[PDB]
Amino acid sequence: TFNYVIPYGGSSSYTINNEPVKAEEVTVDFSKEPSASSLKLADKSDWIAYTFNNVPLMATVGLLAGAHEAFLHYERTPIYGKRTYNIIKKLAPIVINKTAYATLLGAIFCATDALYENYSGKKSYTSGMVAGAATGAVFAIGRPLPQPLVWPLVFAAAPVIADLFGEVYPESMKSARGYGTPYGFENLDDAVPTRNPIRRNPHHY
Amino acid sequence: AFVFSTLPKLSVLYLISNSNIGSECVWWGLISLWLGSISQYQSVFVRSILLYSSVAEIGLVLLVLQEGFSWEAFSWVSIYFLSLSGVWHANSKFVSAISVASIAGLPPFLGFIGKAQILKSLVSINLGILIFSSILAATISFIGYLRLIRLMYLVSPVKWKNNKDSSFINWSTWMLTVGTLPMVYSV
Amino acid sequence: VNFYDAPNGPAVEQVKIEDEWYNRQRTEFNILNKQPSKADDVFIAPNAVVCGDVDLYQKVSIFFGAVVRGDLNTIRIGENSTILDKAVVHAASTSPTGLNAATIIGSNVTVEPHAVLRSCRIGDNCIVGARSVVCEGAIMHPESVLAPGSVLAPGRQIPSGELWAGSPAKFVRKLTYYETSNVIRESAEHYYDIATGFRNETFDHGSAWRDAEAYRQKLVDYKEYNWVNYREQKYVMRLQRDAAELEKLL
Amino acid sequence: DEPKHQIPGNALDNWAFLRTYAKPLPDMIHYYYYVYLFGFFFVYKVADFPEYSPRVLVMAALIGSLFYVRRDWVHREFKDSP
Amino acid sequence: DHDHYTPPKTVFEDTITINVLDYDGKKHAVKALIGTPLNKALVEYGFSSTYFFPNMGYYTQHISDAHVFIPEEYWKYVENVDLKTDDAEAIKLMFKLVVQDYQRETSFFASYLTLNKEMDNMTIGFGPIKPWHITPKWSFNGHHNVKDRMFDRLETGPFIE
Amino acid sequence: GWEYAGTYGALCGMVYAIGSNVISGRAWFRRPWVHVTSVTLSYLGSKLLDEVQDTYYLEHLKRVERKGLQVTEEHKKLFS
Amino acid sequence: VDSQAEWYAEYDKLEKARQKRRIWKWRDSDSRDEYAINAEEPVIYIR
Amino acid sequence: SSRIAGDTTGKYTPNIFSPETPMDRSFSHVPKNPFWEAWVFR
Amino acid sequence: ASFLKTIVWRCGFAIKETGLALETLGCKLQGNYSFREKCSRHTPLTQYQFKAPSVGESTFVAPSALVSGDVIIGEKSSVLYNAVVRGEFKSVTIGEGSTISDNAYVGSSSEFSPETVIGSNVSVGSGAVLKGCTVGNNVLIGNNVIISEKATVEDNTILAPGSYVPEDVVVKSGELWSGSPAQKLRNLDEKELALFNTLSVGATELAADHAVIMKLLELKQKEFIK
Amino acid sequence: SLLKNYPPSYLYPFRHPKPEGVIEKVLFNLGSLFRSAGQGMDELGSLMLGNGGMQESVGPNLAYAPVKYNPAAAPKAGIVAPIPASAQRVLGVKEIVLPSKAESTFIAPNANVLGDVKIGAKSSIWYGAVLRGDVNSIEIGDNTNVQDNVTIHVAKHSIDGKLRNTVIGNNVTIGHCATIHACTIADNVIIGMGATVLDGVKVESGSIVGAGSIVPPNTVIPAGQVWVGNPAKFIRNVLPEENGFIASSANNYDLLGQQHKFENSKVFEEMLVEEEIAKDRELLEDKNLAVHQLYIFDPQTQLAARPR
Ligand SMILES: CCCCCCCCCCCCCCCCCC(=O)OC[C@H](COP(=O)([O-])OCC(O)COP(=O)([O-])OC[C@@H](COC(=O)CCCCCCCCCCCCCCCCC)OC(=O)CCCCCCCCCCCCCCCCC)OC(=O)CCCCCCCCCCCCCCCCC
Ligand SMILES: CCCCCCCCCCCCCCCCCC(=O)OC[C@H](COP(=O)([O-])OCC(O)COP(=O)([O-])OC[C@@H](COC(=O)CCCCCCCCCCCCCCCCC)OC(=O)CCCCCCCCCCCCCCCCC)OC(=O)CCCCCCCCCCCCCCCCC
Ligand SMILES: CCCCCCCCCCCCCCCCCC(=O)OC[C@H](COP(=O)([O-])OCC(O)COP(=O)([O-])OC[C@@H](COC(=O)CCCCCCCCCCCCCCCCC)OC(=O)CCCCCCCCCCCCCCCCC)OC(=O)CCCCCCCCCCCCCCCCC
Ligand SMILES: CCCCCCCCCCCCCCCCCC(=O)O[C@@H](COC(=O)CCCCCCCCCCCCCCC)COP(=O)(O)OCC[N+](C)(C)C
Ligand SMILES: CCCCCCCCCCCCCCCCCCCC(=O)O[C@H](COC(=O)CCCCCCCCCCCCCC)COP(=O)(O)OCCN
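Protein chains in written order, with the working numbering: chain A, 24 to 228; chain B, 28 to 214; chain C, 581 to 830; chain D, 346 to 427; chain E, 2 to 162; chain F, 90 to 169; chain G, 50 to 96; chain H, 98 to 139; chain I, 139 to 364; chain J, 165 to 472.
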């Protein structure tokens, strides 16, 4: 409007609908659909199955962290001097404990997420928040004062961030095209494509 | 360090774009973006700041190039070359400041156009995680570039060697300032 | 006479002062191994003489008649410091105090006309008055002013924020906040503006060479000009000296 | 004289704590070799990994960030003992 | 009001000499002014550029530091540093990269000690330093055989060689 | 394409001459020859850039028409 | 000063620029290997 | 002990070497307090 | 106006700079590198932009002396060797019969310096620093006398060698002043008052002899050049 | 030198030898055209610049400068020399007194030494020093250094017959910016920087005059005394070590004078050649250049000495 007399923006009729018009005459899709593996892992029906399918990721991350710390300890120890102690006995707890703690935290998160979703019966943000909060509570069992408040918050926030930018964002902005005519405005006289642009072939790596 | 951190990249980007060498995985560019930004912020030495900036940016550029945006990577590499030339061949504080600003992506300089091409490409693919990471990592990188600006004009008197060999350096600084308006069509 | 171990070599041909028909004084010249260093915006007046290991920082102005001799030791002039007319800056080989004998001049220091500074430390934002002598080992602390016609005896110190005057310099008054913050810096900026003005009207190679060239051309036309390979003559001279020194028995 | 921030701790105790970083420093090549090797094998393996939910991925990234130990931390605390 | 003015002391009165043991083992008498940091006093005397290293702090690289051994009696005059700040990060980095094993309980950095009247005739020694690198221009190979002076280096600090 | 490329280029050449003088510590008016050379070269380069951009715009229009984008006469007018 | 003409001219210029941009944004893959998407293009390969 | 720095006629000069303190803008500054300054810092 | 003169100066300077550059290029093409000789580029009467030193016909200005900016020198006056007369910032005026001795500085180059006025029959001693001051007629300045800005020396006065005249101090007529803070010593005797003219005429005679010798030096230089 | 095939342009940078090639001849003629057009443009610009036209000329050599010979008062310190016939038929001066200097003496080009000035061997007149012997003779002894901006003056003896010549003894140091009138200085004296010695003052041997001190007229400073102040007054007697300092200072300034004489005396062609030597020293600092593998260069003159 760019005036001071009437409200800015506009209004669209709710009664009047515009019949959908295809973006192009022929649509070629270079985006592959989700794999059967993805759907299997995503299935939260059985909490135990869901947990056991998704823990490998947490275990791997714990193993990488433990390997990192163990290597740092091993690198410093001197080869030239003989050591009374056994290095593996010193280093094995590091890796084992890190992997176990990571797996336990990821198990708690996955279990609570599946159990809440089943009990509630709906896929919602709350399920992620309560799983994160429970994981952060387990993380901060014996930590000083600030940490009990901070970790349940950071952990609860992480599934919120994942849901907003991993699931809601793409579905929200699926229609936008970028070529031909703007999604909403097809009356405007813009070049109309016979086929959609294919910027890349479907990936295979 | 300057010639081998810029020139080699063009060949690899051309190979990737022309030979369809792209993967569905976004972990490597996301990692490069975050690691580079955090390491740039925690680095005391100025050479490490400049080296980690290239890691972060080339991670983002890798993510953009996998999705088919060849034109934007070829324009980015040229702007990045011109931006890096004046910071690396440091002789004048002003030339170095304009270079750091262009690498940072400030709008009056050509560096803004180069970063804009990548960011514009990112919004087309519509991946939320990449956009969020990009914004936060860019802020962290900006703090490192502000550190560089602080070191030159706000910390202590600065005396540098009089290496008066600015072959293309004056031209590069001019091309950075002036080039924004001609290349505005791209973005 | 002839220094044979000089960095650039011995002098093949040396002209006597009696034979010179024109003034050939150079504003910046190297004394043996010691080379003066200057920034791009340093103004050295044609009359001024700067020799030896003198480091001139950015925005340093050397006005007409000033001699900055860095033969005995190093002289460093800080940013935006102006040496005015007929002011001599010199360095002693050793100081009486026992500290470094370099003449270090800080930033925003104004050396008024005819003031002599030798082997002294002048702090930032200082003014040395006209006909003021700062002797070897005297340290002037920052934000201090020495009044015209005053002598700082060897090994003495002027504290910060104070005006000193008298032949045996003594405390006069404490400088006000405004004077220290603004007037001292402003004086250096004014003299910088004057030097910048002088620099804008100076040509890279002024048309003073033409007179010497006319003589050289006349000689060339009358075939008296000779082409001398100075580099070869320097090499030959050094070889001859080394042979002679080896031969000498005492 | 001007007001200044109070520094917690005694001067000699803080300096002693700072001096625990002055230890034989390994070369970074040893770490880099292993990271390059395992990273190459990891990239090859990653193509075959099952597709994970974004939420699980983000949680794994959080856990990895929390469990990552800075190289300086191990360096300061490393003791050659059982 | 109007109390008695205190005339300043002459340089002779306020010069303290410190005996500094160099890397080669020679003892040098370094005359110094009270109120100056040790690093500056050492730099002015005329020690080589190899004996000093830039302070490895985010914004302190212009300062040139040295590894020094301080006698137990003068530990009080060293300056306290807050661990939760970045000055501690500077000190930790210099210990990790420069001092390394050559560390001793008496090891300190020159910048954190300020010369005073009570430090007259103090004996200090340069502590051994490991090869370090920041930029190709600012580095130490490990050979103390250059005969230049740190004073003669006009460039303030490292940036880009 | 751009109808102000020549003017922009001349002004930018001025920007080069003044900037080069200022960076080196000289005043803007120094080295007058540099000013004419810079102005002419920048003007020509700006013009050349505009033709290059137009040429690649037309190449793109040809390519898109071949692919199957049903560009109208007015659209074919947009790309000079 | 015909304000109506100026407004319509400015709007037209912006609309033409938007159309040209959208036409420009229609970009297929230019990979040399990707012969399928670019079958109609006239290219010669020296290899 | 004091003198008028300002000159309305325009012939103002800073007598940096004057024994007497100029009555410049610094004359009217308020004296600070060690404890008030520390309170401000805190 | 001033803007027109500035534009005219900038145009002429640009043309002269280009001409000298083209001459240097011609020398480079010929292979002659005489342009790179660093010789004394000192000019006795330097001009800053359009402000040039006005000089009388009978005046003697030494070659080593520097008269800069708008300096009006009256007839029968002499600026001797290595004397700096700076009138760039503000104008400097020298009266009839006045002599500036060797290694003397007269100038008005401070930011707030008043216009320097020098009266008739004023002899400035060797080493005196005069900054923004008015000197009256028949005044003898000492060897190292420093006169600060805004100080006025009245007629028929002698300043003893080494005296420093602080700012806004008026030296009265018929008096002798001395000391770092100049204070009146004694009233001038009649012989000193009469001595001023003799000193001035003697200086003028010496200046004439120096001028003749300087002309001889110019003829010698001319023989080599032409 | 190892090689004799060096390009002529390299061997004679100051002036290239006469052009021999066709291309070189064309370049020479073009250079002549460019020089003439440039001088024309220079003159046109000088017209716009106005009065003076910013013209520059070579300055006279005032280090060894003549003074008008007085038939009445014969020269005492300097020699008298005839002036070229043409100048005689124009100027009319039969003879001119010229300074007298020993071979070892160093006189700065900036310095102005005029008329009746006798300078001893190993003495140095530094930059900006004006020594005027127009009216009376000035005598400087051996190993005496007149520093920067010093003015030495004389007067006429007058009816009284008071001697108004300036005699400076051997091993005397006159500090920077000092002004000396018609005074006598004995041997081994240091005059401080800024000190003004007025007429009639006798400074005895071994004394030191302090910096910025005005010694009142007709004052005899006794031997081995230090006098400082605006009205110079005795403060203390010279220490035994300070006599050694005096001698050391004189000897050091003698060595300094020799070094400065050496640097200043080189001819322009040599100075240019040395500038090229220095530039090539800077370029050749890098030791990974291909030319370094071919030969080892002489350090003082960067000419190939031996193969590598
Ligand atoms: C004079 C006419 C010029 C007008 C047009 C030019 C075309 C005709 C060439 C005529 C020569 C003029 C040179 C101008 C352009 C250079 C191109 C070129 O030359 O080849 C192109 C031309 C054909 O290729 P093409 O036109 O590009 O089209 C091919 C396909 O379309 C596939 O190619 P494509 O990549 O172009 O595909 C279209 C592309 C769309 O691509 C484009 O839209 C390009 C946009 C143009 C940007 C221009 C900047 C590029 C920088 C290069 C500067 C030119 C350097 C000159 C080098 C050669 C010198 C002759 O779509 C894409 O998505 C691909 C991405 C492309 C890269 C992204 C563009 C961004 C570039 C970076 C910009 C960032 C800004 C940085 C700074 C900016 C500040 C203002 O080749 C030839 O005609 C023959 C080459 C012969 C050259 C030398 C031979 C002559 C001498 C022989 C012996 C030499 C020895 C003796 C020496 C003699 C002298 C001593
Ligand atoms: C047997 C050999 C030993 C190695 C074992 C394995 C060998 C490698 C095999 C395969 C390697 C490929 C994959 C490994 C990770 C990729 C990184 C890499 O390889 O670079 C080379 C790297 C060395 O490179 P460098 O350039 O020499 O070192 C640069 C640093 O400055 C180094 O200097 P620095 O360590 O002294 O400084 C560390 C600095 C460096 O900074 C970083 O680490 C940046 C990384 C940040 C995230 C990285 C991207 C995350 C995206 C992951 C993508 C997958 C998920 C997809 C979606 C997730 C969306 C984000 O970070 C820190 O300051 C410590 C904090 C840790 C992260 C900071 C973020 C905290 C956020 C948490 C918020 C909670 C606080 C709230 C309360 C606060 C109160 C106010 O080598 C390794 O570190 C490998 C060790 C493997 C341990 C990784 C632990 C988990 C791995 C996956 C989790 C993903 C997060 C990454 C966390 C830490 C990774 C460094
Ligand atoms: C914008 C959007 C972005 C998109 C795309 C952007 C585009 C990208 C690329 C664009 C690049 C732009 C930025 C780069 C700029 C290039 C760099 C640059 O500016 O120059 C660098 C370079 C830097 O010079 P430098 O800073 O002094 O350092 C070099 C050292 O001297 C080192 O010394 P050296 O040993 O190396 O000496 C070699 C060289 C360097 O030597 C020199 O530079 C010494 C000075 C040369 C002599 C003075 C020039 C004479 C006339 C110039 C006119 C100035 C007018 C001002 C005052 C008016 C006077 C009446 O000598 C030369 O000049 C070679 C050229 C041959 C011409 C020489 C003159 C010939 C006689 C005059 C020709 C015609 C007379 C007509 C009228 C005459 C008077 C108006 O400048 C030049 O080399 C000058 C080149 C040509 C000289 C002027 C010739 C103009 C023709 C006369 C005017 C007639 C109207 C012109 C139209 C018709 C033409 C005939
Ligand atoms: C549409 C254009 C916009 C797109 C941008 C990309 C297209 C480029 C268009 C313009 C390119 C201009 C490049 C500017 C280079 C600047 C010139 C230069 O670098 O000169 C050097 C050249 O230095 C050299 O090394 C010279 C060696 C080679 C000289 C030139 C080679 C010419 C080969 C032929 C080129 C013609 C192209 C061939 C056919 C296209 C001189 O500098 P120095 O002397 O080393 O130091 C300068 C010192 N100071 C400035 C401080 C006074
Ligand atoms: C950058 C965003 C990060 C959040 C920052 C918040 C502050 C961090 C503190 C940590 C707390 C954990 C994160 C909680 C934020 C979510 C907001 C709570 C609101 C809420 O509980 O409703 C849920 C939906 O909100 C939602 O989950 C969607 C709301 C989106 C979050 C807010 C977006 C803007 C916040 C940015 C503010 C400033 C940015 C700087 C950080 C339930 O929904 P339901 O569907 O489950 O219904 C129930 C049927 N069972």
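Built from N, CA and C at the ideal position, the CB exists for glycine as well.
Check: Buried versus exposed, by CB contacts within 10 Å (16 or more), G:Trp56; Outcome: exposed
Check: Meets three-Cβ-pair contact criterion under 8 Å: the segment 127-146 of chain F and the segment 203-218 of chain A; Outcome: no
Check: Neighbour flag for B:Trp201 against chain F, beta carbons, 9 Å; Outcome: yes
Check: CB contact check: F:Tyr93 to chain G, cutoff 9 Å; Outcome: no
Check: C-beta contact flag for J:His340 and C:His670 at 9 Å; Outcome: yes
Check: Chain-ordered chain F contacts of A:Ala214 [CB-CB under 9 Å]; Outcome: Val153, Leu158, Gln159, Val160, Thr161, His164
Check: Minimum C-alpha distance to B:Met202 - residue among F:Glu92, F:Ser131, F:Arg119, F:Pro121; Outcome: F:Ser131
Check: Near-chain C residues of the segment 171-191 of chain I (beta-carbon distance less than 9 Å), N- to C-terminal order; Outcome: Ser172, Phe173, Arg174, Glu175, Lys176, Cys177, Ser178, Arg179, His180, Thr181, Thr184, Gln185, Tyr186, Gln187
Check: D:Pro399 Cβ short of 8 Å to ligand 2 heavy atom set; Outcome: yes
Check: CB contact below 9 Å: C:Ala619 versus chain F; Outcome: yes
Check: Check: B:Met202 C-beta below 8 Å from any heavy atom of ligand 3; Outcome: yes
Check: Span separating the alpha-carbon of C:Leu826 from that of C:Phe583; Outcome: 18 Å
Check: Any non-hydrogen atom of ligand 1 within 8 Å of F:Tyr145 CB; Outcome: yes
Check: Residue-chain proximity (D:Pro399, chain B), Cβ-Cβ < 9 Å; Outcome: yes
Check: Distance CB(C:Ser740)-CB(C:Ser724) smaller than 9 Å; Outcome: yes
Check: Short-range partners of chain C found in the segment 106-124 of chain F, where Cβ spacing is below 7 Å; Outcome: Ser113, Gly114, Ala116
Check: Identified DSSP bridge partners for H:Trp133; Outcome: Beta-bridge pairing links H:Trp133 to no other residue.
Check: 9 Å Cβ cutoff, H:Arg100 in contact with chain C; Outcome: no
Check: Beta-bridge pairing of C:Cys631 - partner residues as DSSP gives them; Outcome: C:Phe609, C:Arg649
Check: Anticipated Cβ contact below 8 Å, I:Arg224 with C:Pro626, distance rounded; Outcome: About 14 Å separates the two Cβ atoms, so there is no contact after all.
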